[PDB]
>>> print(open('data.txt').read())   # compact mmCIF, C-alpha atoms and all ligand atoms
# COMPACT_ATOMS: atom_id res chain seq x y z
CA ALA A 11 20.15 17.83 -22.98
CA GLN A 12 20.08 17.01 -19.26
CA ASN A 13 17.30 14.77 -17.86
CA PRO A 14 15.76 14.00 -21.23
CA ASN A 15 13.26 11.46 -19.75
CA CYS A 16 11.94 14.26 -17.42
CA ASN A 17 12.42 12.27 -14.23
CA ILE A 18 11.83 13.86 -10.85
CA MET A 19 15.25 14.69 -9.41
CA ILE A 20 16.17 14.71 -5.72
CA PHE A 21 18.84 17.09 -4.41
CA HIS A 22 20.92 17.00 -1.24
CA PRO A 23 22.57 20.47 -0.93
CA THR A 24 25.31 20.97 1.60
CA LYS A 25 24.93 23.77 4.16
CA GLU A 26 27.23 25.85 2.00
CA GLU A 27 25.12 25.28 -1.09
CA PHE A 28 21.97 26.14 0.92
CA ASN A 29 22.99 29.78 1.35
CA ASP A 30 22.11 31.18 -1.98
CA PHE A 31 18.55 30.21 -3.03
CA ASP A 32 18.58 31.66 -6.54
CA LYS A 33 21.93 30.08 -7.31
CA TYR A 34 20.73 26.63 -6.22
CA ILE A 35 17.56 26.82 -8.34
CA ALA A 36 19.74 27.70 -11.32
CA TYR A 37 22.04 24.76 -10.47
CA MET A 38 19.10 22.34 -10.36
CA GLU A 39 17.97 23.61 -13.75
CA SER A 40 21.54 23.14 -15.12
CA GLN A 41 21.06 19.46 -14.24
CA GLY A 42 17.66 19.30 -16.05
CA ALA A 43 15.45 19.27 -12.96
CA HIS A 44 12.80 21.49 -14.49
CA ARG A 45 12.12 19.06 -17.25
CA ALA A 46 10.13 16.93 -14.73
CA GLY A 47 8.00 19.87 -13.53
CA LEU A 48 8.84 18.98 -9.90
CA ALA A 49 12.02 18.43 -7.81
CA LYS A 50 12.64 17.39 -4.22
CA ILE A 51 15.22 19.18 -2.05
CA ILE A 52 16.37 17.50 1.16
CA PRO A 53 17.85 20.24 3.43
CA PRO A 54 21.33 19.75 4.96
CA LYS A 55 21.32 17.91 8.25
CA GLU A 56 22.39 21.05 10.13
CA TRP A 57 19.33 23.06 9.02
CA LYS A 58 16.00 23.49 10.71
CA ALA A 59 12.93 25.55 9.90
CA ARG A 60 12.23 26.36 13.55
CA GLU A 61 13.02 24.88 16.97
CA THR A 62 9.77 23.05 17.67
CA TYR A 63 6.16 22.73 16.50
CA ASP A 64 4.87 22.41 20.06
CA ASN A 65 3.11 25.78 20.16
CA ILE A 66 1.02 25.93 16.84
CA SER A 67 -2.34 24.77 18.15
CA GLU A 68 -3.84 28.17 18.50
CA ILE A 69 -3.42 29.16 14.83
CA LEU A 70 -6.94 29.69 13.40
CA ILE A 71 -8.28 28.04 10.32
CA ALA A 72 -10.99 30.66 9.64
CA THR A 73 -12.59 28.80 6.74
CA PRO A 74 -11.94 25.06 6.69
CA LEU A 75 -12.97 23.55 3.36
CA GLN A 76 -14.86 20.21 3.03
CA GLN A 77 -13.84 18.71 -0.30
CA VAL A 78 -16.89 17.02 -1.80
CA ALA A 79 -16.31 14.87 -4.90
CA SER A 80 -18.50 14.06 -7.95
CA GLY A 81 -17.77 11.62 -10.73
CA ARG A 82 -16.01 8.30 -10.83
CA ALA A 83 -13.05 7.09 -8.78
CA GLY A 84 -10.45 7.97 -11.38
CA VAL A 85 -12.11 11.02 -12.96
CA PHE A 86 -13.80 13.42 -10.59
CA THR A 87 -14.26 17.01 -9.58
CA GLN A 88 -14.36 18.45 -6.11
CA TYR A 89 -16.08 21.48 -4.69
CA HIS A 90 -15.23 23.18 -1.52
CA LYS A 91 -17.91 23.59 1.11
CA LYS A 92 -17.08 26.18 3.73
CA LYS A 93 -17.16 25.03 7.37
CA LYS A 94 -17.08 26.87 10.66
CA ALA A 95 -13.75 28.14 11.98
CA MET A 96 -11.55 25.98 14.05
CA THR A 97 -8.10 26.11 15.61
CA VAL A 98 -5.20 23.92 14.44
CA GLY A 99 -5.57 21.94 17.70
CA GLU A 100 -9.21 21.34 16.96
CA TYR A 101 -8.44 20.39 13.34
CA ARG A 102 -5.69 17.95 14.41
CA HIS A 103 -8.14 16.22 16.73
CA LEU A 104 -10.66 16.01 13.89
CA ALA A 105 -8.04 14.62 11.45
CA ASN A 106 -7.21 11.90 14.09
CA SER A 107 -10.85 10.91 14.65
CA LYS A 108 -12.16 7.57 13.56
CA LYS A 109 -14.20 9.24 10.75
CA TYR A 110 -11.14 11.01 9.19
CA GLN A 111 -7.97 9.20 10.21
CA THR A 112 -5.59 7.38 7.89
CA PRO A 113 -6.53 3.67 7.56
CA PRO A 114 -4.22 0.86 8.30
CA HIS A 115 -1.88 0.31 5.39
CA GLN A 116 1.31 -1.57 4.43
CA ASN A 117 3.35 1.10 2.72
CA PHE A 118 2.91 4.27 0.64
CA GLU A 119 1.89 2.25 -2.44
CA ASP A 120 -0.89 0.47 -0.57
CA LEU A 121 -2.12 3.86 0.76
CA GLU A 122 -2.02 5.30 -2.77
CA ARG A 123 -4.18 2.38 -3.97
CA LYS A 124 -6.66 3.02 -1.18
CA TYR A 125 -6.74 6.77 -2.00
CA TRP A 126 -7.65 6.23 -5.61
CA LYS A 127 -10.14 3.49 -4.86
CA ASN A 128 -11.95 5.27 -2.12
CA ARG A 129 -11.40 9.04 -2.23
CA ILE A 130 -14.70 9.93 -3.82
CA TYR A 131 -16.70 8.26 -1.05
CA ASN A 132 -15.46 10.61 1.60
CA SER A 133 -15.31 14.38 2.11
CA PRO A 134 -12.11 15.36 3.98
CA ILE A 135 -11.66 18.85 5.46
CA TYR A 136 -8.61 20.91 4.31
CA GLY A 137 -7.25 24.08 6.06
CA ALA A 138 -5.91 25.74 2.92
CA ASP A 139 -4.53 28.94 1.80
CA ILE A 140 -3.97 30.54 5.26
CA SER A 141 -1.66 33.59 5.01
CA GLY A 142 1.28 33.16 7.37
CA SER A 143 4.60 31.40 8.08
CA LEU A 144 6.04 28.83 10.45
CA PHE A 145 9.70 29.64 9.64
CA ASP A 146 11.58 31.15 12.57
CA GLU A 147 12.73 34.66 11.71
CA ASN A 148 16.23 33.61 12.54
CA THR A 149 16.25 30.84 9.88
CA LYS A 150 18.32 32.46 7.17
CA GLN A 151 18.41 29.73 4.56
CA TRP A 152 15.34 28.72 2.48
CA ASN A 153 13.03 30.71 4.66
CA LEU A 154 9.86 30.96 2.52
CA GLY A 155 8.89 34.24 4.20
CA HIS A 156 12.24 35.90 3.17
CA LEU A 157 12.44 35.13 -0.51
CA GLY A 158 13.05 37.75 -3.26
CA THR A 159 9.64 38.90 -4.45
CA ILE A 160 8.12 38.28 -7.90
CA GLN A 161 7.55 42.02 -8.24
CA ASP A 162 11.22 42.66 -7.68
CA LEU A 163 12.15 39.94 -10.21
CA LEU A 164 9.87 41.51 -12.85
CA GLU A 165 11.42 44.88 -12.09
CA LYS A 166 14.96 43.55 -12.31
CA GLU A 167 14.31 41.74 -15.61
CA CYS A 168 12.00 44.12 -17.38
CA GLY A 169 12.58 47.52 -15.71
CA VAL A 170 8.97 48.20 -14.72
CA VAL A 171 8.03 48.82 -11.12
CA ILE A 172 4.71 47.37 -10.10
CA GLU A 173 2.40 47.21 -7.09
CA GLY A 174 1.78 43.92 -5.25
CA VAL A 175 3.14 41.70 -2.58
CA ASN A 176 4.19 38.01 -2.33
CA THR A 177 3.62 36.20 1.03
CA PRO A 178 3.49 32.52 2.03
CA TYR A 179 0.52 30.34 2.76
CA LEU A 180 -0.05 27.54 5.27
CA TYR A 181 -1.93 24.33 4.53
CA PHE A 182 -3.24 22.01 7.20
CA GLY A 183 -4.23 18.61 5.72
CA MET A 184 -5.72 15.31 6.67
CA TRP A 185 -6.09 11.92 5.04
CA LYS A 186 -7.53 12.23 1.53
CA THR A 187 -7.26 16.01 1.33
CA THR A 188 -6.64 16.67 -2.31
CA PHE A 189 -4.99 19.22 -4.56
CA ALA A 190 -6.48 19.22 -8.04
CA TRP A 191 -4.53 19.29 -11.34
CA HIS A 192 -3.11 22.78 -11.91
CA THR A 193 -0.21 24.96 -12.80
CA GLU A 194 0.59 28.01 -10.70
CA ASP A 195 -0.91 31.43 -11.27
CA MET A 196 0.82 32.98 -14.27
CA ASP A 197 2.71 29.61 -14.62
CA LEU A 198 5.03 30.72 -11.75
CA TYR A 199 7.28 28.39 -9.77
CA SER A 200 6.12 27.20 -6.37
CA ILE A 201 8.09 25.99 -3.38
CA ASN A 202 6.45 23.86 -0.70
CA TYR A 203 7.92 22.84 2.67
CA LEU A 204 6.29 20.06 4.64
CA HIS A 205 6.75 21.32 8.22
CA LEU A 206 5.27 18.41 10.11
CA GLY A 207 3.12 15.35 10.07
CA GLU A 208 2.23 12.79 7.50
CA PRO A 209 3.38 12.71 3.88
CA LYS A 210 2.05 14.33 0.71
CA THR A 211 2.02 12.36 -2.57
CA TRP A 212 2.53 14.38 -5.75
CA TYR A 213 1.84 13.70 -9.41
CA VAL A 214 3.37 15.91 -12.13
CA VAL A 215 3.34 16.27 -15.94
CA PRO A 216 6.57 17.52 -17.57
CA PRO A 217 6.12 21.12 -18.83
CA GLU A 218 6.91 20.09 -22.36
CA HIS A 219 3.88 17.79 -22.24
CA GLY A 220 1.38 19.97 -20.45
CA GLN A 221 -0.84 20.45 -23.47
CA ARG A 222 -1.35 16.61 -23.55
CA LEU A 223 -2.85 16.81 -20.13
CA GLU A 224 -5.02 19.77 -21.16
CA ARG A 225 -6.38 17.89 -24.17
CA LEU A 226 -7.25 14.88 -22.03
CA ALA A 227 -8.92 17.12 -19.48
CA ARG A 228 -11.10 18.73 -22.20
CA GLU A 229 -12.20 15.20 -23.21
CA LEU A 230 -12.89 14.05 -19.65
CA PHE A 231 -14.61 17.19 -18.44
CA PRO A 232 -16.46 18.25 -21.57
CA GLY A 233 -19.04 20.63 -19.95
CA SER A 234 -16.30 22.40 -18.02
CA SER A 235 -14.25 22.78 -21.19
CA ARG A 236 -17.13 24.48 -23.01
CA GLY A 237 -17.57 26.80 -20.04
CA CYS A 238 -13.99 28.01 -19.99
CA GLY A 239 -10.95 27.76 -22.24
CA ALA A 240 -8.66 27.38 -19.16
CA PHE A 241 -10.82 25.51 -16.73
CA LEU A 242 -7.93 23.76 -14.97
CA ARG A 243 -7.32 27.24 -13.46
CA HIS A 244 -10.41 26.48 -11.38
CA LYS A 245 -8.47 23.86 -9.50
CA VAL A 246 -11.27 21.30 -9.24
CA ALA A 247 -10.43 18.38 -11.57
CA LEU A 248 -8.81 15.10 -10.64
CA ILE A 249 -7.54 12.37 -12.95
CA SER A 250 -5.91 9.23 -11.52
CA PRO A 251 -2.58 7.75 -12.50
CA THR A 252 -4.39 4.75 -13.96
CA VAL A 253 -6.43 6.99 -16.24
CA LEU A 254 -3.35 9.00 -17.22
CA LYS A 255 -1.51 5.73 -18.13
CA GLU A 256 -4.53 4.49 -20.13
CA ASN A 257 -4.43 7.67 -22.13
CA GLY A 258 -0.68 7.79 -22.67
CA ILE A 259 -0.07 10.99 -20.69
CA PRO A 260 3.53 11.34 -19.50
CA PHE A 261 3.72 11.87 -15.71
CA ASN A 262 5.74 11.03 -12.63
CA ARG A 263 4.96 10.62 -8.96
CA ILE A 264 6.83 11.09 -5.67
CA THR A 265 6.03 11.25 -1.97
CA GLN A 266 7.23 14.22 0.12
CA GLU A 267 7.90 13.66 3.82
CA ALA A 268 8.14 16.07 6.70
CA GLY A 269 11.30 18.13 6.53
CA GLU A 270 11.52 18.13 2.74
CA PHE A 271 11.02 20.84 0.10
CA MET A 272 9.37 20.45 -3.24
CA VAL A 273 9.77 22.91 -6.12
CA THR A 274 7.30 23.07 -8.97
CA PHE A 275 8.56 24.60 -12.20
CA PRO A 276 6.77 26.89 -14.69
CA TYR A 277 3.93 25.14 -16.47
CA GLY A 278 4.47 21.88 -14.49
CA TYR A 279 0.95 20.54 -13.90
CA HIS A 280 0.67 18.87 -10.52
CA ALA A 281 -1.92 17.20 -8.25
CA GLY A 282 -1.78 15.10 -5.11
CA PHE A 283 -3.08 14.13 -1.72
CA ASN A 284 -2.18 14.09 1.97
CA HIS A 285 -1.62 10.88 3.92
CA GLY A 286 -2.83 12.15 7.26
CA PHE A 287 -2.61 15.22 9.50
CA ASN A 288 0.14 17.57 8.24
CA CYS A 289 1.12 21.15 7.80
CA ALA A 290 2.82 22.59 4.71
CA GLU A 291 3.94 26.10 3.75
CA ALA A 292 4.16 27.25 0.15
CA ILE A 293 4.79 30.37 -1.90
CA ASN A 294 5.16 31.32 -5.56
CA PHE A 295 8.41 32.67 -6.90
CA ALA A 296 9.99 33.68 -10.18
CA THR A 297 13.39 33.55 -11.91
CA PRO A 298 14.52 35.05 -15.19
CA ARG A 299 13.52 31.91 -16.97
CA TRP A 300 9.89 32.30 -15.83
CA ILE A 301 9.30 35.55 -17.75
CA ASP A 302 8.63 33.78 -21.02
CA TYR A 303 6.20 31.41 -19.34
CA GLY A 304 4.37 34.27 -17.72
CA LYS A 305 3.88 35.91 -21.09
CA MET A 306 2.30 32.76 -22.50
CA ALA A 307 0.25 31.61 -19.49
CA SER A 308 -3.37 30.77 -20.07
CA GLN A 309 -5.93 32.58 -18.35
CA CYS A 310 -9.45 31.95 -16.97
CA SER A 311 -11.72 34.92 -17.81
CA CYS A 312 -15.11 33.06 -17.02
CA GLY A 313 -15.02 34.35 -13.55
CA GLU A 314 -14.46 31.14 -11.71
CA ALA A 315 -10.69 31.31 -11.00
CA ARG A 316 -10.70 34.58 -8.98
CA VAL A 317 -7.16 35.26 -7.68
CA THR A 318 -4.97 37.65 -5.70
CA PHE A 319 -4.48 41.34 -6.09
CA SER A 320 -0.86 40.89 -7.28
CA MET A 321 -1.78 38.93 -10.38
CA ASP A 322 -3.29 42.11 -11.86
CA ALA A 323 0.03 43.67 -12.59
CA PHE A 324 1.48 40.49 -14.01
CA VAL A 325 -1.34 40.28 -16.57
CA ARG A 326 -1.26 43.99 -17.26
CA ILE A 327 2.46 44.10 -18.04
CA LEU A 328 3.12 40.64 -19.50
CA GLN A 329 -0.22 40.10 -21.30
CA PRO A 330 -1.63 43.54 -22.21
CA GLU A 331 -3.84 42.14 -25.02
CA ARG A 332 -5.58 39.80 -22.55
CA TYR A 333 -5.81 42.32 -19.74
CA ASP A 334 -9.25 43.83 -20.43
CA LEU A 335 -10.98 40.43 -20.79
CA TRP A 336 -9.19 38.85 -17.79
CA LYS A 337 -10.03 41.83 -15.55
CA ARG A 338 -13.75 41.56 -16.53
CA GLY A 339 -13.46 37.97 -15.18
CA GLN A 340 -12.04 39.36 -11.93
CA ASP A 341 -14.96 41.92 -11.58
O1 LIG B 1 0.05 21.31 -0.74
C1 LIG B 1 -1.00 21.61 -1.42
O2 LIG B 1 -2.24 21.41 -1.09
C2 LIG B 1 -0.94 22.23 -2.75
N1 LIG B 1 0.39 22.84 -3.00
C3 LIG B 1 0.76 23.20 -4.21
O3 LIG B 1 0.05 23.09 -5.30
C4 LIG B 1 2.09 23.85 -4.37
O4 LIG B 1 2.91 23.95 -3.44
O5 LIG B 1 2.27 24.32 -5.53
MG MG B 2 -0.57 28.63 18.37
NI NI B 3 0.62 24.23 -6.84
ZN ZN B 4 -12.78 29.81 -16.00
>>> encode(input="data.txt", output="structure tokens", more="lines below")
Ligand SMILES: O=C(O)CNC(=O)C(=O)O
Ligand SMILES: [Mg+2]
Ligand code: NI
Ligand SMILES: [Zn+2]
Amino acid sequence: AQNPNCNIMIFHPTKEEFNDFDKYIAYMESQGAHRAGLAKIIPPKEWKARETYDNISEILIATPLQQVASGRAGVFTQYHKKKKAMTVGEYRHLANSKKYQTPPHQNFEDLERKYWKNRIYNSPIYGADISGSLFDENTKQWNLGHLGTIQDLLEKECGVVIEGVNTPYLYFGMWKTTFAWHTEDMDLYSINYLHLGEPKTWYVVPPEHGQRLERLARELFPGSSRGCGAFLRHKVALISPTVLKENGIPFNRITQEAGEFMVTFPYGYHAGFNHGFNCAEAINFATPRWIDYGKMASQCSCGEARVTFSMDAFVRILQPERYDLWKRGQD
């Protein structure tokens, strides 16, 4: 068995190997990359996502989200308070202000210490989930706006044509902006490209150990657990590496820098934080190996998780028993 310790693997494809996306994902899996739940892909030196980032300031962040924490430093939830619209140029200036900017630090480990010590005492503003792309249309390789769609994969594997679309999302971050512990919708893959700015630190639980994280979360967030049998789908709970280590939960960590891709694998729980002003692009995708994970994915039916239009068909075809209850949660 390849990668039996479930370490995060880092790949350096050549420009020739960067042509065929599906083939390279299957290669990384042949080497055991999925066992970690997360892999890093450093693009060939010849590749670029676009020519420059000099002209992005007029993108609108219609609904910036202020991430307000409750709890203790290592075990907290966050809720998202909606703020007034602002442009990316306005948000960059805000991220660089004395109130929000990255503090002085020695190295990524010192910054990680400061994040976990101090996160809860601040409320950073995240420009999340903005439909769009920063890949140039002429970028042919690993262009997250030109991937094969999940609907087409389901149709190829299973023979059933379904409605729905699959487009990328932009994320504009600042120091301390936080992504809570989750797997993807329908336990899909995700791919994330850090276009510019400061790093993103990731934490990940191997898929084979995801239920260990779920059991800890039910213990640590006991009210939320009674409210919903899949409350991590709400994407609000944070647990620190120290608390994970105290409780014996297997996990790994890695820092993504600008110019690098990350892939999350089916049922790989992940969480993390931004170091400073940055912009990332991400999308879900599927492969043949996902289908079995989609069939078994948990679902929130309490009404909190509320998701995209395209998840309807995935539930309806892969999980027909659950469909009725899940759709009640959506309406
Ligand atoms: O970058 C972020 O805020 C969160 N991204 C992801 O969870 C992802 O790409 O799967
Ligand atoms: Mg612009
Ligand atoms: Ni994710
Ligand atoms: Zn729920």
>>> residues_near_ligand(input="data.txt", ligand="ligand ZN 4 (chain B)", cutoff="8 Å", atoms="all atoms listed in the file", output="list in words")
residues 237, 238, 239, 240, 241, 242, 243, 244, 309, 310, 311, 312, 313, 314 and 315 of chain A
>>> residues_near_ligand(input="data.txt", ligand="ligand LIG 1 (chain B)", cutoff="6 Å", atoms="only C-alpha atoms and all ligand atoms", output="list in words")
residues 189, 200, 201, 202 and 292 of chain A
>>> residues_around(input="data.txt", residues="residue 111 (chain A)", least_positions_apart="2", cutoff="10 Å", atoms="only C-alpha atoms", output="PDB file with C-alpha atoms, in the coordinates of the input")
ATOM      1  CA  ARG A 102      -5.690  17.950  14.410  1.00  0.00           C
ATOM      2  CA  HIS A 103      -8.140  16.220  16.730  1.00  0.00           C
ATOM      3  CA  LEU A 104     -10.660  16.010  13.890  1.00  0.00           C
ATOM      4  CA  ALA A 105      -8.040  14.620  11.450  1.00  0.00           C
ATOM      5  CA  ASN A 106      -7.210  11.900  14.090  1.00  0.00           C
ATOM      6  CA  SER A 107     -10.850  10.910  14.650  1.00  0.00           C
ATOM      7  CA  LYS A 108     -12.160   7.570  13.560  1.00  0.00           C
ATOM      8  CA  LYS A 109     -14.200   9.240  10.750  1.00  0.00           C
ATOM      9  CA  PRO A 113      -6.530   3.670   7.560  1.00  0.00           C
ATOM     10  CA  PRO A 114      -4.220   0.860   8.300  1.00  0.00           C
ATOM     11  CA  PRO A 134     -12.110  15.360   3.980  1.00  0.00           C
ATOM     12  CA  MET A 184      -5.720  15.310   6.670  1.00  0.00           C
ATOM     13  CA  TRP A 185      -6.090  11.920   5.040  1.00  0.00           C
ATOM     14  CA  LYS A 186      -7.530  12.230   1.530  1.00  0.00           C
ATOM     15  CA  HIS A 285      -1.620  10.880   3.920  1.00  0.00           C
ATOM     16  CA  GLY A 286      -2.830  12.150   7.260  1.00  0.00           C
ATOM     17  CA  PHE A 287      -2.610  15.220   9.500  1.00  0.00           C
TER      18      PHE A 287
END
>>> closest_residue(input="data.txt", among="A:33, A:84, A:61, A:98", to="ligand MG 2 (chain B)", atoms="only C-alpha atoms and all ligand atoms")
A:98
>>> closest_residue(input="data.txt", among="A:112, A:145, A:23, A:306", to="residue 66 (chain A)", atoms="only C-alpha atoms")
A:145
>>> residues_around(input="data.txt", residues="residue 144 (chain A)", least_positions_apart="2", cutoff="12 Å", atoms="all atoms listed in the file", output="NGL selection string")
:A and (58-66 or 69 or 140-142 or 146-149 or 153-156 or 178-182 or 203-206 or 289-292)
>>> atom_distance(input="data.txt", atom1="CA of residue 40 (chain A)", atom2="CA of residue 321 (chain A)")
28.6 Å
>>> closest_atom_pairs(input="data.txt", of="chain A", to="ligand NI 3 (chain B)", cutoff="12 Å", atoms="only C-alpha atoms and all ligand atoms", output="tab-separated table")
residue	atom	partner	partner_atom	distance
A:47	CA	B:NI3	NI	10.9
A:48	CA	B:NI3	NI	10.2
A:138	CA	B:NI3	NI	11.8
A:139	CA	B:NI3	NI	11.1
A:179	CA	B:NI3	NI	11.4
A:181	CA	B:NI3	NI	11.7
A:188	CA	B:NI3	NI	11.4
A:189	CA	B:NI3	NI	7.9
A:190	CA	B:NI3	NI	8.8
A:191	CA	B:NI3	NI	8.4
A:192	CA	B:NI3	NI	6.5
A:193	CA	B:NI3	NI	6.1
A:194	CA	B:NI3	NI	5.4
A:195	CA	B:NI3	NI	8.6
A:196	CA	B:NI3	NI	11.5
A:197	CA	B:NI3	NI	9.7
A:198	CA	B:NI3	NI	9.3
A:199	CA	B:NI3	NI	8.4
A:200	CA	B:NI3	NI	6.3
A:201	CA	B:NI3	NI	8.4
A:202	CA	B:NI3	NI	8.5
A:212	CA	B:NI3	NI	10.1
A:213	CA	B:NI3	NI	10.9
A:214	CA	B:NI3	NI	10.2
A:242	CA	B:NI3	NI	11.8
A:243	CA	B:NI3	NI	10.8
A:245	CA	B:NI3	NI	9.5
A:272	CA	B:NI3	NI	10.2
A:273	CA	B:NI3	NI	9.3
A:274	CA	B:NI3	NI	7.1
A:275	CA	B:NI3	NI	9.6
A:276	CA	B:NI3	NI	10.3
A:277	CA	B:NI3	NI	10.2
A:278	CA	B:NI3	NI	8.9
A:279	CA	B:NI3	NI	8.0
A:280	CA	B:NI3	NI	6.5
A:281	CA	B:NI3	NI	7.6
A:282	CA	B:NI3	NI	9.6
A:283	CA	B:NI3	NI	11.9
A:290	CA	B:NI3	NI	11.9
A:291	CA	B:NI3	NI	11.3
A:292	CA	B:NI3	NI	8.4
A:293	CA	B:NI3	NI	8.9
A:294	CA	B:NI3	NI	8.5
A:295	CA	B:NI3	NI	11.5
>>> atom_distance(input="data.txt", atom1="CA of residue 296 (chain A)", atom2="CA of residue 160 (chain A)")
5.5 Å
>>> closest_residue(input="data.txt", among="A:30, A:165, A:100, A:56", to="ligand MG 2 (chain B)", atoms="all atoms listed in the file")
A:100
>>> residues_around(input="data.txt", residues="residue 320 (chain A)", least_positions_apart="5", cutoff="8 Å", atoms="all atoms listed in the file", output="list in words")
residues 173, 174, 175 and 176 of chain A
>>> closest_residue(input="data.txt", among="A:169, A:14, A:42, A:207", to="residue 270 (chain A)", atoms="only C-alpha atoms")
A:207
>>> closest_residue(input="data.txt", among="A:71, A:223, A:268, A:253", to="ligand MG 2 (chain B)", atoms="only C-alpha atoms and all ligand atoms")
A:71
>>> atom_distance(input="data.txt", atom1="CA of residue 151 (chain A)", atom2="CA of residue 38 (chain A)")
16.7 Å
>>> closest_residue(input="data.txt", among="A:116, A:88, A:297, A:161", to="residue 35 (chain A)", atoms="all atoms listed in the file")
A:297
>>> residues_around(input="data.txt", residues="residue 136 (chain A)", least_positions_apart="4", cutoff="7 Å", atoms="only C-alpha atoms", output="MDAnalysis selection string")
chainID A and resid 74:76 182:184 187
>>> residues_near_point(input="data.txt", point="(-12.1, 13.3, -19.3)", cutoff="10 Å", atoms="all atoms listed in the file", output="MDAnalysis selection string")
chainID A and resid 84:86 223:232 235 247:249 253:254 257
>>> residues_around(input="data.txt", residues="residue 39 (chain A)", least_positions_apart="4", cutoff="10 Å", atoms="all atoms listed in the file", output="MDAnalysis selection string")
chainID A and resid 12:13 33:35 43:45 49 275 299
>>> build_atoms(input="data.txt", residues="region 256-269 of chain A", atoms="N, CA, C and O atoms", output="mmCIF file, keeping the file's coordinate frame")
data_model
loop_
_atom_site.group_PDB
_atom_site.id
_atom_site.type_symbol
_atom_site.label_atom_id
_atom_site.label_comp_id
_atom_site.auth_asym_id
_atom_site.auth_seq_id
_atom_site.Cartn_x
_atom_site.Cartn_y
_atom_site.Cartn_z
ATOM 1 N N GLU A 256 -3.656 5.051 -19.056
ATOM 2 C CA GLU A 256 -4.530 4.490 -20.130
ATOM 3 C C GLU A 256 -4.566 5.357 -21.309
ATOM 4 O O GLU A 256 -4.829 4.924 -22.455
ATOM 5 N N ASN A 257 -4.419 6.697 -21.110
ATOM 6 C CA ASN A 257 -4.430 7.670 -22.130
ATOM 7 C C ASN A 257 -3.058 8.186 -22.634
ATOM 8 O O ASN A 257 -2.922 9.137 -23.393
ATOM 9 N N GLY A 258 -2.006 7.498 -22.184
ATOM 10 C CA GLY A 258 -0.680 7.790 -22.670
ATOM 11 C C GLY A 258 -0.085 9.106 -22.233
ATOM 12 O O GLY A 258 0.789 9.639 -22.907
ATOM 13 N N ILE A 259 -0.596 9.683 -21.129
ATOM 14 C CA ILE A 259 -0.070 10.990 -20.690
ATOM 15 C C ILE A 259 1.234 10.813 -19.877
ATOM 16 O O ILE A 259 1.210 10.052 -18.930
ATOM 17 N N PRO A 260 2.321 11.444 -20.273
ATOM 18 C CA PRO A 260 3.530 11.340 -19.500
ATOM 19 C C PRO A 260 3.394 11.977 -18.102
ATOM 20 O O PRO A 260 2.961 13.134 -18.062
ATOM 21 N N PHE A 261 3.767 11.278 -17.069
ATOM 22 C CA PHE A 261 3.720 11.870 -15.710
ATOM 23 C C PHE A 261 4.685 11.132 -14.821
ATOM 24 O O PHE A 261 5.134 10.004 -15.163
ATOM 25 N N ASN A 262 4.948 11.677 -13.648
ATOM 26 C CA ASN A 262 5.740 11.030 -12.630
ATOM 27 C C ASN A 262 5.088 11.251 -11.299
ATOM 28 O O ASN A 262 4.143 12.095 -11.164
ATOM 29 N N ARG A 263 5.495 10.525 -10.289
ATOM 30 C CA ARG A 263 4.960 10.620 -8.960
ATOM 31 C C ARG A 263 6.063 10.544 -7.927
ATOM 32 O O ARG A 263 7.134 9.913 -8.160
ATOM 33 N N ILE A 264 5.876 11.156 -6.761
ATOM 34 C CA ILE A 264 6.830 11.090 -5.670
ATOM 35 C C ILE A 264 6.137 11.440 -4.412
ATOM 36 O O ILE A 264 5.121 12.185 -4.395
ATOM 37 N N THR A 265 6.547 10.918 -3.255
ATOM 38 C CA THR A 265 6.030 11.250 -1.970
ATOM 39 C C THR A 265 6.959 12.112 -1.187
ATOM 40 O O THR A 265 8.181 11.784 -1.060
ATOM 41 N N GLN A 266 6.502 13.250 -0.724
ATOM 42 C CA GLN A 266 7.230 14.220 0.120
ATOM 43 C C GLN A 266 6.939 13.882 1.582
ATOM 44 O O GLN A 266 5.803 13.710 1.974
ATOM 45 N N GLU A 267 8.010 13.883 2.380
ATOM 46 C CA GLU A 267 7.900 13.660 3.820
ATOM 47 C C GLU A 267 8.254 14.898 4.585
ATOM 48 O O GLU A 267 8.857 15.851 4.059
ATOM 49 N N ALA A 268 7.905 14.913 5.876
ATOM 50 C CA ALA A 268 8.140 16.070 6.700
ATOM 51 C C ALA A 268 9.610 16.433 6.689
ATOM 52 O O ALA A 268 10.492 15.529 6.728
ATOM 53 N N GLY A 269 9.944 17.688 6.593
ATOM 54 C CA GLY A 269 11.300 18.130 6.530
ATOM 55 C C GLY A 269 11.859 18.316 5.171
ATOM 56 O O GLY A 269 13.034 18.657 4.994
#
